[PDB]
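Asks: So the protein lines, in turn, are chains A, B, C, D, E, F, G and H. Quick note on the authors' numbering: the first sequence kicks off at 293 and runs consecutively. Quick note on the authors' numbering: the second sequence kicks off at 37 and runs consecutively. Quick note on the authors' numbering: the third sequence kicks off at 37 and runs consecutively. Quick note on the authors' numbering: the fourth sequence kicks off at 537 and runs consecutively. Quick note on the authors' numbering: the fifth sequence kicks off at 50 and runs consecutively. Quick note on the authors' numbering: the sixth sequence kicks off at 108 and runs consecutively. Quick note on the authors' numbering: the seventh sequence kicks off at 108 and runs consecutively. Quick note on the authors' numbering: the eighth sequence kicks off at 1 and runs consecutively.
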Amino acid sequence: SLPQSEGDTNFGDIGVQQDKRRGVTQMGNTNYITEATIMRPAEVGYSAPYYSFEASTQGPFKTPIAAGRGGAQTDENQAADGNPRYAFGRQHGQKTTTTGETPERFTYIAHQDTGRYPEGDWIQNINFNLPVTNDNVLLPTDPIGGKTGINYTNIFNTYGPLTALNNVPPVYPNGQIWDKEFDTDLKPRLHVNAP
Amino acid sequence: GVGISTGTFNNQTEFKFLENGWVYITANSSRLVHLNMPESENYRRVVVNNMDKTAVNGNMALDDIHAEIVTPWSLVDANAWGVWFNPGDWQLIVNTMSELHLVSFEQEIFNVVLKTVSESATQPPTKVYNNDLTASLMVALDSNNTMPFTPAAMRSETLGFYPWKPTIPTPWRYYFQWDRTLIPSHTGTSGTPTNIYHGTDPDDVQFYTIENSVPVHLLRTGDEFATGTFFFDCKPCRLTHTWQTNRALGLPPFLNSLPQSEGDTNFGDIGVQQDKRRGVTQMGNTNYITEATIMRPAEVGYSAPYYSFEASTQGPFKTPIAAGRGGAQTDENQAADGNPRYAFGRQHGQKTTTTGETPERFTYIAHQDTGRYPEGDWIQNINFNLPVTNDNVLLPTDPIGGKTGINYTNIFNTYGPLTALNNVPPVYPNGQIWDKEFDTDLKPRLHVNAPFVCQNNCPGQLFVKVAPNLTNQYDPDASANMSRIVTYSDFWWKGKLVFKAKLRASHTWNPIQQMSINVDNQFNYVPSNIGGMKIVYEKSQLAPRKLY
Amino acid sequence: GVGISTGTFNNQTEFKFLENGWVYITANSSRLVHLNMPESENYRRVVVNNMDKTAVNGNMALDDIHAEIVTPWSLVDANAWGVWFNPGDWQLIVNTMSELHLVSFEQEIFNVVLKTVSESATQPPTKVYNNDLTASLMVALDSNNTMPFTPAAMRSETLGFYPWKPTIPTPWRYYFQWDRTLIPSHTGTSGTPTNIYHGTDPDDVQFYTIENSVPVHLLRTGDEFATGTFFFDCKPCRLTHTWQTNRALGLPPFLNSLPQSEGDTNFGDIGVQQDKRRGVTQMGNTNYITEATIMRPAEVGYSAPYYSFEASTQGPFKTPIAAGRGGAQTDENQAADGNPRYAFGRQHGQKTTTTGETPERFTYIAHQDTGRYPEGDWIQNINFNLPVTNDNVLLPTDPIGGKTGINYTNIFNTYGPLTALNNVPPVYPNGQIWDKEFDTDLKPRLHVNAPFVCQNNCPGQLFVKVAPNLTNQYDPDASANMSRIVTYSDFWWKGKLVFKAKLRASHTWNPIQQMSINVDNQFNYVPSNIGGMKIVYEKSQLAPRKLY
Amino acid sequence: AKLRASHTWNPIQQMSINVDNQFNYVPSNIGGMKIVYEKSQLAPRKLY
Amino acid sequence: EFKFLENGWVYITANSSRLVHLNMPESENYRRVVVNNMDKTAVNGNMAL
Amino acid sequence: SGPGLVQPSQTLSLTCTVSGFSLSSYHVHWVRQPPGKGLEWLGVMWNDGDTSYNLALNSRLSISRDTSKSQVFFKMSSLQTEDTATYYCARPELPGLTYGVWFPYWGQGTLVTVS
Amino acid sequence: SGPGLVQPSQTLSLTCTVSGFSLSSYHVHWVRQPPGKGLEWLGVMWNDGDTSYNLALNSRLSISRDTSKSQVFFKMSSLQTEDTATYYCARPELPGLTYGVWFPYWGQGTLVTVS
Amino acid sequence: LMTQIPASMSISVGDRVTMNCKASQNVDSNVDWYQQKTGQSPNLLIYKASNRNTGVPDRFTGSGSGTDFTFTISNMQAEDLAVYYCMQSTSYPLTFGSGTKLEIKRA
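(1) Would a check of beta-carbon distances place C/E393 closer than 7 Å to chain A?
(2) By how many angstroms is the C-alpha of B/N181 removed from the C-alpha of B/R377?
(3) Can you tell me whether A/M331 is buried or exposed? The criterion is at least 16 other CB atoms within 10 Å of its CB, across all chains shown.
(4) Could you name the residues of the same chain whose beta carbon sits closer than 7 Å to that of A/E393, not counting the 5 residues immediately before and after it, in chain order?
(5) According to DSSP, simplified to helix, strand and coil, what is B/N93?
(6) Using a beta-carbon distance cut-off of less than 7 Å, what residues from the segment 423-445 of chain A approach chain C?
(7) Any idea which residues DSSP pairs C/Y60 with across the strands?
(8) What does D/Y561 touch in chain C if you count any residue whose Cβ is under 9 Å from its own?
(9) With 7 Å set as the bound, which would you pick, yes or no: does the beta-carbon of A/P453 sit closer than that to a beta-carbon of chain C?
(10) Spell out whether any CB of chain F is found under 7 Å from the CB atom of G/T118.
(11) Check whether chain F comes within 7 Å of G/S108, counting only Cβ atoms and requiring the distance to be less than that.
(12) Cα-Cα, which of G/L218, G/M152, G/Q117, G/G111 is closest to G/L168?
(13) Rounded to the nearest angstrom, what separates C/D471 and C/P205 at their Cα positions?
(14) Give me the Cα-Cα distance between B/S552 and B/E135, rounded to the nearest whole angstrom.
(15) Below 8 Å on the Cβ atoms is my guess for B/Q404 versus B/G362; work out the distance and round it to an integer in Å.
(16) What would DSSP say about C/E247, mapped onto helix, strand or coil?
(17) What residues in its chain sit with their C-beta under 7 Å from that of C/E155, if we drop five residues either side in the sequence?
(18) Curious, which full-length alpha helix (DSSP H) runs of at least 4 residues does the segment 87-133 of chain B contain?
(19) For A/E396, count neighbouring Cβ atoms within 10 angstroms of its own Cβ and tell me buried if that reaches 16, exposed if not.
(20) Under 9 Å, CB to CB, which of the residues in the segment 142-163 of chain G have a partner in chain J?
(21) Go to B/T406, then tell me how far its beta strand (DSSP E) extends in each direction, as first and last residue.
(22) Exposed or buried, B/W528, counting other C-beta atoms within 10 Å across all chains shown (16 or more means buried)?
(23) Compare the C-beta of A/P356 with all C-beta atoms of chain B and state if any pair is closer than 7 Å.
(24) Can you grab the Cα-Cα spacing for the pair A/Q310 / B/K387, in whole Å?
(25) With a CB to CB cut of under 6 Å and the five nearest residues on each side skipped, what residues in its chain are close to B/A340?
(26) Count the other C-beta atoms from every protein chain shown that fall within 10 angstroms of the C-beta of G/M183, then say buried if there are 16 or more, exposed otherwise.
(27) If you run the structure through DSSP and keep just helix, strand and coil, what is C/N565?
(28) Might you give, ordered along the chain, the residues of its own chain that have their beta carbon closer than 8 Å to the beta carbon of B/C273, omitting 5 neighbours on each side?
(29) What residues in the segment 219-239 of chain B bring their beta carbon closer than 9 Å to a beta carbon of chain A?
(30) Does any C-beta atom of chain D lie closer than 7 Å to the C-beta of G/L130?
(31) Is the distance from the Cβ of A/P423 to the Cβ of B/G94 below 7 Å?
(32) In its own chain, which residues sit with a C-beta less than 7 Å from the C-beta of B/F448, not counting the 5 before and 5 after it?
(33) Looking at C-alpha atoms only, which residue of B/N417, B/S348, B/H384 is the closest neighbour of B/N321?
(34) Comparing C-alpha positions only, which one of B/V175, B/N122, B/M133, B/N166 sits nearest to B/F146?
(35) What are the partner residues of H/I104, as DSSP defines its beta bridges?
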């Protein structure tokens, strides 16, 4: 059914019920085929654990992220899901008359939209009893071991079969041109530095 | 001109043979098409919304909101396996053949007809039909692919099977760009979840409109239209599933004592103790080398977080899975660890006499055995004090943050170094043939949809619409209502596809499962006295093979 | 014959490239045309009059009286920029290109159809439609141009934009020769203004009638008609406006002291007094050489008398202006110093769902900065006694003959020795493409209409009319009413146009304004859920350049 | 590099001067300079 | 300078240059140094400052 | 808007500066009588909108200068008055669909526009 | 701005909507004490400006959304307060040079920002 | 749609009252109430029932769901008076109700 009047609060209708729809799906029991649940050729981007420092010869260091924050408008600070943020000074900005000194900082977002937005992610059992009861599923509001800042989202990863993303966009004019390639044999698929 | 017809009508399966195992499977098909005149006219952008359901607490996603651009045009398209193949023909392919290669595809349209309806009023009314020569039909087909892309079956509105029954294409549509964010909720949630829409980023807009891109041959009817053949580029697909799991990778340990009597409860002995065994291992302290703990060349499959919806521009959506549920017999529902489950109707099953309507559903399992079975997985400390005490390890029965449904298994992943799996097995006849390949540079290693992928570019589609008519009235570039003569037009359609395959060969002592009739389905293949039909699903990957 | 259709349907934009900056922009388009049968028959001369309005005192011209010859024929014509281009395509032309050249033009008409209406009486009535083969269509096209000329948009009744929506041509007409004289008037005028008509000078009469001149291919329908390509002859047009005004022509004076602190109210100093400066000048007595007074290589633009109607055969008419209002920010209304302002409707804006009707209007400014701003202009005696006393000079506040609205500025002109200006910038998509060039020998240096002008001869138009029919009755050469069969006929139309352009190149340190989407117009480009469309105007001359 | 080509009905965002940054590009009377950052990946395209 | 070719391939050829001033290095021999700041990792908290 | 008759031009402008959340797009011009009514809540132009009676169209750029327009003429013979135009300006709708809804605050009391 | 010490970030925003004449560029954020002072009257950025004590920089787009920024940090140990930010906003200067000068009206009385 | 009745209420300061509403299409709880707070006006108090905030809690209280709503006033002073409004929020379009008219009893 196609809507009618011009000007909008005007909302078309899927026209069938949720039960009788016809199509491919992947899910535990489908009398439901949604705009959300449905088979997609593959994913986009990857949900990565953020602010997790693995230990090594140097011990603490940050585990980088290859995606942009596109789709997440509520998380900024500086580069929340990561948005590499350059800090330079006296030589390419912070206008060339500056008394004393002080760094210069701007958060460079991505212009690419791939949503990694962690809020609004959770998991269900395989039964799909809807509406779902609080005891059968998860929320970002639920602790781990009794903590708060952690949700579950700080420990998660996917990446594996279906993922893909676009090479990091060049930045300017604080960015980098070319980069030498690693010596080992497995050759990481990209760099979060150079184009 | 009208006094001829140039076409022919073919549904056939012919096996042409070559030297040394290479056999061309050449299948053809055809259908009859009826096409209503699109009632709308201008291109149309619509936003759909249903919120009381995301409004009420809970309901992670029972729906979302999308925005689309509905053209008047309509899409006749291939890319099902029920359009050309027969469950009669399907047999000789899967029993004798261990591999496939794709080659070439082409289409043409011939012997179009256009009709007309004049609706009387004072009459009963009766519908008059007078064949109209000078009316016209539009055909728009691109081999550049520039105009945006879909295949179709994410639903299976695709052409009907059988070649005696007509079928209709479907109106053509594509996604637009909006933004949405949705916060969680559940039954016990209090306050408001804050569900909001979010306009449109003006930075990025695609109105793609084919009349701005691709030519259009126009046809009154004696005439025909034929697209030349555009080849494929692909890698093969194996028809042979791999049964060996991480147990069968290796050389099994040597029995030091062989059992005796026939009939079984008869169990051999590893013959040494657990302490003195000799072999390679990876583990914290081994006085123990088991059938379980031991070094394996690499893993099989990957444990993936299941039912976890990551948020993005569209917010909630499901994160797919590339494996099968093989090895897990206790979890079904529909596709527990995931087993893509088709729901279609009225056109390829739910036998063709069905009063009213209602969908049709069957869970398609995998026939491949790679165990992802989540139950029976846990972790230990590095000390290995056995038997282990409850405080030093984990179970699937242990909550997270005090929950229940979650075990730990809903947050886990591996995939990384050693993993591998087999390309998704084709399904039939609701599945898909080929799929276009992503535009970005990292090229995901497969798809949980199609068996085959064009690494360069796939052939395009075929778009068609009735040509408009006016009687007398008009306003120039007006979105007011211009009158119209209700018409419709039918055109035959033909199709051709070329395959290449290799005969398998025995080297075993055993026979192998095949498809065949029995009494389980006695008649799922033979029509019903009213004309009933089904074409029940059939699982083909039938052939076990060695792995490592 | 009928069993074929020879045409194709194209709206595309393809960029073919060459070596060293020369790029052919090749655009094509097409439309669907519906054409009522002209209800009149004979050629017809009419004189229109409205006088109570020129009768009442005042009303310089709220209208005049004209006399025209209305043919039954009708004109399908090109020569808009909305017939072929898209505000999607329009972008890549204006951002990358500093110049244009015109090349070639051609048309053809294919796959005509003719229909018929038989109106019942005792029935509801219902309109029957039976496609008629043997009826006919007339096509009359001249490359000689002998028959008289118009372009069309002095109104923009021209073909509708978009290529999914039909469009109609317009009945064709031209001016005749009469004489009229009209005396002034105003509110306070007493007596009678003496407004009179004045017959026709028999010395000069043109009845031009194409059937007396140009051939006519006739068409029943399988057949096509194609005009060969007639080239252009032109000079290029710059897409780059010139910002420098009479201030920037020269080398600026040398500062003797440079300011210090950052942030500004910081003003350098010319460093010398006004008396001792050294340089060339033109002035009556200079102990003064200013930034203002100094010799400049020549002027820019011309101060023209504005709103002055000179009288002629038609008496009152407006005297056009070749410049823009750039530099004048306080005078708008609509086009104060003149800024040609298009008024169209229902066909290229005023979004296509509009109840009833009402025109659409936007003032199109110039993006070129040449200041003609009349305020702030006055004159001095040759003595230069400063500060000057009110009795020795003029102001815009001083009357003429005791009036007010007039300043002195309504009577002035310069233009003569040193003036120059830039060719009128093209506008879009309500503007015009090419324009025929005047017949007399002095060839005005430009037009305030079209960017481009054929210096020899421009290609002609395409005239079309339904072919008449009679049932049974008639009188030979009778202006009585002969009966007729109400019919109409549709024909597709295609068009092709060839361009040549050069890529610009940076040499500056700065970026440059481009067109682009934002949120100002967020959606002026995307349809409305009823099918709404606008195509808002867009100002293209975007590129600043050096001048002298 | 390769020139892109339109095939859409819409224009596309470009970089350009405005009044947001009116002068982030023009020096300051003491000789000031900045070269503010600029985000370039500007062009939307189809994906799948 | 933008030099052009046939069929969409365009060479963007950019050049630049700078003026360089270079102090004489005050040290001489190659030098190995270890840097340490610990009161900050010493105090509780401060994962990595 | 007016004054006064029958359909003259413009004279609706407020408020500068900081006119609200720029969400693409927003209100509120107050709207209306106040006992009514009214006004089914502006979109953004080509095509997003719009208000409930024809020739009520609204347009403006949410970037700076943050402003409004027209507004508008429209049909004034009903002697109705909203002469300001002050903001905060809650959620419009279009965006909205909480469901809806709600409207915190307003500003700048009575401005009355003549018939 | 603040609150409160020693140099935290942001919290100066008003006024939306219709924040004044967009001349490139304008004021007035009120400015200042009121007994002083102050503030030598913003330009437009690369390089046009500016204010009388370093790190007082101001920036904003006069298109819609019509807004302001930062402002700013800056050096607050002098316990000074201007907490609004309301407009009309006469002639800035830079434009100006009538000579100068004059300042009609203002809006939105006392907002006070802590030390 | 929405209407607002009773009317003609003259009360002592601080006393309670019931104000109610009735509507056709099922509105979930979208029900809202606008209360001067004379100046700058109307200056809504409680969001869709129930949020006591704006500008400080427990001045009035709303409650109820569905096609009806009951509006309630706990603390009555000279800081609130005269007449008030209700809305429904559903689809296109918005609509307003009309009027209550409660002024402090003076006699």
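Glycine included, C-beta positions come from ideal geometry on N, C-alpha and C.
Replies: In short:
(1) By one-based count along the third sequence, residue 393 of chain C stands at place 357. The Cβ of C/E393 sits no closer than 7 Å to any Cβ of chain A.
(2) Here residue 377 of chain B refers to the residue found at position 341 of the second sequence. Here residue 181 of chain B refers to the residue found at position 145 of the second sequence. B/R377 and B/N181 have their C-alpha atoms spaced approximately 30 Å apart.
(3) Counting from 1 along the first sequence, the entry for residue 331 of chain A is found at position 39. Note on A/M331: 16 or more other CB atoms within 10 angstroms of its CB, so buried under the neighbour-count rule.
(4) The residue you call residue 393 of chain A lines up with position 101 of the first sequence. Answer for A/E393: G381, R382, listed in chain order.
(5) As a working note, residue 93 of chain B is residue 57 in the second sequence. In this structure, B/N93 counts as coil in the three-state DSSP scheme.
(6) Along the segment 423-445 of chain A, there is no position whose C-beta sits under 7 Å from a C-beta of chain C.
(7) Reading the third sequence from its first residue, position 24 is the one you call residue 60 of chain C. Beta-bridge partners of C/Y60 (DSSP): C/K52.
(8) Within the fourth sequence, the letter at position 25 stands for residue 561 of chain D. Ordered by position in chain C, the residues that pass the 9 Å Cβ test against D/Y561 are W545, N546, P547.
(9) Looking up residue 453 of chain A in the first sequence gives position 161. No, A/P453 does not count as interfacial toward chain C.
(10) What you label residue 118 of chain G is simply residue 11 of the seventh sequence in a count that begins at 1. Cβ-Cβ to chain F under 7 Å: no for G/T118.
(11) Within the seventh sequence, numbered from 1, the residue matching residue 108 of chain G stands at position 1. Taking Cβ atoms only, chain F never reaches closer than 7 Å to G/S108, which makes this a no.
(12) Position 61 of the seventh sequence, counted from the start, is the residue given in the question as residue 168 of chain G. Of G/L218, G/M152, G/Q117, G/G111, the residue nearest in Cα terms is G/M152.
(13) Numbered from 1 along the third sequence, position 435 holds the residue referred to as residue 471 of chain C. Numbered from 1 along the third sequence, position 169 holds the residue referred to as residue 205 of chain C. Answer to the nearest angstrom: the Cα atoms are 19 Å apart.
(14) Position 516 of the second sequence, counted from the start, is the residue given in the question as residue 552 of chain B. Position 99 of the second sequence, counted from the start, is the residue given in the question as residue 135 of chain B. Taking the straight line joining both Cα atoms gives about 20 Å.
(15) As a working mapping, residue 404 of chain B is identified with position 368 in the second sequence. As a working mapping, residue 362 of chain B is identified with position 326 in the second sequence. The pair is a contact, with the Cβ atoms about 5 Å apart (cut-off 8 Å).
(16) Position 211 of the third sequence, counting from 1, holds the residue named residue 247 of chain C. Reduced to three states, the DSSP call for C/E247 is helix.
(17) As a first step, residue 155 of chain C is located in the third sequence; it is residue number 119 there, counting from the start. Residues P161, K163 of the same chain have their beta carbon placed closer than 7 Å to that of C/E155, with the five preceding and five following residues left out of the count.
(18) Counting only runs of 4 or more, we get 125-132.
(19) By one-based count along the first sequence, residue 396 of chain A stands at place 104. So A/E396 counts as buried.
(20) Structure shown: chain J not included; protein chains present are A, B, C, D, E, F, G and H.
(21) To locate residue 406 of chain B, count along the second sequence from 1; it is residue 370. First-last for B/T406: undefined, no H or E at that position.
(22) Numbered from 1 along the second sequence, position 492 holds the residue referred to as residue 528 of chain B. Counting of Cβ neighbours within 10 angstroms places B/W528 among the buried residues, the total reaching 16 or more.
(23) Counted from its first residue, the first sequence places residue 356 of chain A at position 64. So no, A/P356 is outside the interface.
(24) Position 18 of the first sequence holds residue 310 of chain A. Position 351 of the second sequence holds residue 387 of chain B. Cα-Cα distance, rounded: 22 Å.
(25) Along the second sequence, read from residue 1 onward, the residue named residue 340 of chain B stands at position 304. Apart from sequence neighbours up to five positions away, the residues of its chain that approach B/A340 with a beta-carbon distance below 6 Å are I357, ordered along the chain.
(26) For the purposes of this step, residue 183 of chain G is identified with residue 76 of the seventh sequence, where counting begins at 1. Around the beta carbon of G/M183, 16 or more other beta carbons lie within 10 angstroms, which makes this residue buried.
(27) As a working note, residue 565 of chain C is residue 529 in the third sequence. In the structure shown, C/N565 sits in coil (DSSP, three-state: anything other than H, G, I, E or B).
(28) Reading the second sequence from its first residue, position 237 is the one you call residue 273 of chain B. Excluding its 5 nearest sequence neighbours in each direction, B/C273 has C-beta neighbours in its own chain below 8 Å: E135, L136, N459, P462, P487, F488, listed in chain order.
(29) Flagged, chain order: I219, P220, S221, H222, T223, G224, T225, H234, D237, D239.
(30) On the seventh sequence, residue 130 of chain G is found 23 positions in, with the first residue counted as 1. For G/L130, the answer is no, since every Cβ of chain D falls outside 7 Å of its Cβ.
(31) As a working mapping, residue 423 of chain A is identified with position 131 in the first sequence. As a working mapping, residue 94 of chain B is identified with position 58 in the second sequence. Yes, these two residues count as a Cβ contact at 7 Å.
(32) Counted from its first residue, the second sequence places residue 448 of chain B at position 412. Only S339, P341 meet the Cβ criterion.
(33) Taking the first residue of the second sequence as position 1, residue 321 of chain B is located at position 285. The candidate whose alpha carbon is nearest that of B/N321 is B/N417.
(34) Along the second sequence, one-based indexing puts residue 146 of chain B at 110. Looking only at B/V175, B/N122, B/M133, B/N166, the smallest Cα-Cα distance to B/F146 is reached by B/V175.
(35) Position 104 of the eighth sequence, counting from 1, holds the residue named residue 104 of chain H. DSSP, once it has assigned bridges, lists H/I11 as partnering H/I104.
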